Amino acid sequence: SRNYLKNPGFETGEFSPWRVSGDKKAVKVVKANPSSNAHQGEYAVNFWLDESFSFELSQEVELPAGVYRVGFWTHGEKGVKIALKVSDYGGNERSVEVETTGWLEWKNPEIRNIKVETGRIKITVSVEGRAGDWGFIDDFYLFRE
Ligand SMILES: OC[C@H]1O[C@@H](O[C@@H]2[C@H](O)[C@@H](O)[C@H](O[C@@H]3[C@H](O)[C@@H](O)[C@H](O)O[C@@H]3CO)O[C@@H]2CO)[C@H](O)[C@@H](O)[C@H]1O
Ligand SMILES: [Ca+2]
Numbered sequence: 021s022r023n024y025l026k027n028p029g030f031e032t033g034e035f036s037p038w039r040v041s042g043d044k045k046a047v048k049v050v051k052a053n054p055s056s057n058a059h060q061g062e063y064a065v066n067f068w069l070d071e072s073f074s075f076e077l078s079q080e081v082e083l084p085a086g087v088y089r090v091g092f093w094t095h096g097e098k099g100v101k102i103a104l105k106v107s108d109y110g111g112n113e114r115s116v117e118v119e120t121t122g123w124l125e126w127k128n129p130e131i132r133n134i135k136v137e138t139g140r141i142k143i144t145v146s147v148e149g150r151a152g153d154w155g156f157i158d159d160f161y162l163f164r165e
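So for the sequence shown, the authors' numbering puts the first residue at 21; every next one is plus one.
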């Protein structure tokens, strides 16, 4: 249960060391109100904009060789396109795609059986929304299997 991602729940109230790329103004760390918008703790990433938007959240990690799994938790407006990607670990990029389906309909994208041979991994989440779309991202984990 040791989690290899830093600030995996945004509980500092800030992004660091997660990088935000793309339409940054679409994405914030917020103190969830109601708290149910977060999956753990008090804070979550919330995205929203009044026009269409795309962004990515990423973090790179140095890790012991081993087999790992990565995932997180999300919910939001019906039809927002979210992808989880892992790269730089030794193999080709792996991904999984999910769409949100409404408020508090939690999704748990996950990638398992990731054989880290480079001593590194990069975790990227991509979000693509239409005008007015929104959602929450929280509670990342990178575990050794
Ligand atoms: O079931 C409806 C849900 O709406 C959510 O609200 C969405 C976003 O999560 C929220 O960020 C956004 O709010 C805008 C902006 O970010 C905020 O600072 C400002 O005060 O209001 C803006 C909207 O006018 O609103 C969208 C919905 O439009 C709630 O997060 C969720 O709890 C739930 O009510
Ligand atoms: Ca949290």
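A virtual CB, placed ideally from N, CA and C, is assigned to each residue, including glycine.
Whole angstroms are fine: how far does the CA of residue j sit from the CA of residue i?
i	j	result
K45	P54	22 Å
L83	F30	21 Å
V81	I141	5 Å
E71	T94	21 Å
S21	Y88	11 Å
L124	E76	22 Å
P129	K51	23 Å
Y24	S146	20 Å
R39	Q79	6 Å
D108	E165	18 Å
Measure how close the beta-carbons of residue i and residue j come, nearest whole angstrom, since I'm counting them as under 8 Å.
i	j	result
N27	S41	So it is not a contact: roughly 17 Å between Cβ atoms.
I131	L104	6 Å
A58	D158	5 Å
Specify, as a first and last residue, the run of the beta strand (DSSP E) that residue i falls within.
i	result
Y88	86-96
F67	63-68
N133	130-136
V100	From DSSP, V100 is part of no beta strand (DSSP E); its letter is neither H nor E.
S115	114-119
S21	Careful: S21 lies outside any beta strand (DSSP E) and carries neither H nor E.
Just list the residues that DSSP pairs residue i with in beta bridges.
i	result
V40	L77
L162	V90
Under 7 Å, CB to any heavy atom of ligand 2. Which residues pass, going along the chain?
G29, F30, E31, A58, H59, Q60, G61, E62, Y63, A64, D158, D159
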